[PDB]
């Protein structure tokens, strides 16, 4: 009756691509075309590979059968919408696994667990898997996996405006994020075979549940400026990020997932374009359903008069920009020294912004010419 799993646990035909999984520009859609796109098993496979890489199946003694069971039920639960689907969850999972298990120049590593190779002998690069215990990292990974579960395909403001049942059930305060966390944990606790945390203590499980819910709720964009200002006031006027104080580590994981969630305009131009197509298509769907009700069509959600470049430029300038600047002023963005330090992510971000400002200026000028 319950969704258990596919017959073979770990598939073999999707190899030679999972090994090139430590690159920021991961070819995710090539993998979706690699795995059978009919059923959908991308999130479960990527999760298994990443956990086996981190060795967390040993550091916590987790049974792989129930692990695959739970994550397959999860990925089946993700609605089939254009943007907030299982591919988005896999992307966020990979982005968090990258940001927390890759060399970060100017770090000070101190039952932790490091990535597979990591070639760590020097004293110039640290990884966040050395400053953060294994429990909190597994909590961050699981929270990133189940963070957009059962997404209806709308925004918080839409459900709040039309007074949807799910918006009254949560009193208009982080409607979607609370719904995701609640439904995911409910599905977890539903069956006895999904229980892949069987070898955890009681206090371990309670702290794990707390951290997972915190990470999931931290990805609400209404709290964006609060989180950004708190991170600024903790690495600007304070001593910085004390890797002993647990609130500091919690804030670090929260910001890490906040940035791994919106990472479209920080990859190559092709991946960024595809993610942009997805998000804007979902916006157009919402605009259709919102004109069907007689509500005034929201901004940027009109498939007759799109303003895609305006949307993406405003987004990159107002949300992803200051967030990357805050996350980088604390010296946490992964990079390398040059013979001074080359950060690929900020480079991709700047290039994409410049492309959008080309398109904006070109369209604006042409309209100004023709309109006279």
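The term rigid core refers to the most C-alpha atoms you can superpose between the two forms while keeping them within 1.5 Å. Positions refer to the first chain, counted from 1.
- Each structure in 4 other deposited structures of this protein is fitted to the shown form on the rigid core, and of 234-242 and 126-134 the C-alphas lie farther away on average for 234-242.
- Between 175-183 and 115-123, greater CA displacement relative to the shown form is found for 115-123 when the structures in 4 other deposited structures of this protein are fitted on the core.
- The stretch of deposited sequence separating residue 110 from residue 111 contains 10 or more residues lacking coordinates in this entry.
- According to the PDB entry, the deposited sequence contains 10 or more residues between residue 339 and residue 340 that lack coordinates.
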